[PDB]
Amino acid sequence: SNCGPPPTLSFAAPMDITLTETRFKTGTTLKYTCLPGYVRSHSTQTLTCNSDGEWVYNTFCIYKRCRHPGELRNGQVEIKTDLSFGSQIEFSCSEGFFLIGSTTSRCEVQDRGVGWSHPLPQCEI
């Protein structure tokens, strides 16, 4: 009926970093908060130990998204999937131009939010 230690979530972490007594009375509820790169998408950010001795929870976080970085002068900013954490955008230059810098950038953890890994390249000539 009782739980062992909770499973680790890829999207959130426990709020108290307490002793984590390896055993928990049935009915215990543990509070979580979103990891960097994630934002809350549900009202209940808990894990609860049910009568079967198992931890129950929803995926209560989703990816943060980066702001669109704007236009590339004489080139193109291409979205491949979206601007969410982990996603990549691609850069190219128009016919009469050379691309100097990176052809890609990725939404990554930055500060306490999310930002682009690489600066926009330049299209020159």
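Numbering starts at 1 and runs along the sequence shown.
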Given 102-110 and 6-14, the range whose Cα B-factors average higher in the PDB entry: 6-14
Can you tell me which stretch has the higher mean Cα B-factor, 111-119 or 20-28? 20-28
In terms of recorded Cα temperature factor, pick the maximum from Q88, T59, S92, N50. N50
Sort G75, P69, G96, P36 by C-alpha B-factor from the entry and give me just the highest. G96
Sorting by Cα B-factor within the chain, modelled residues only, which third would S41 end up in: lowest, middle or highest? middle
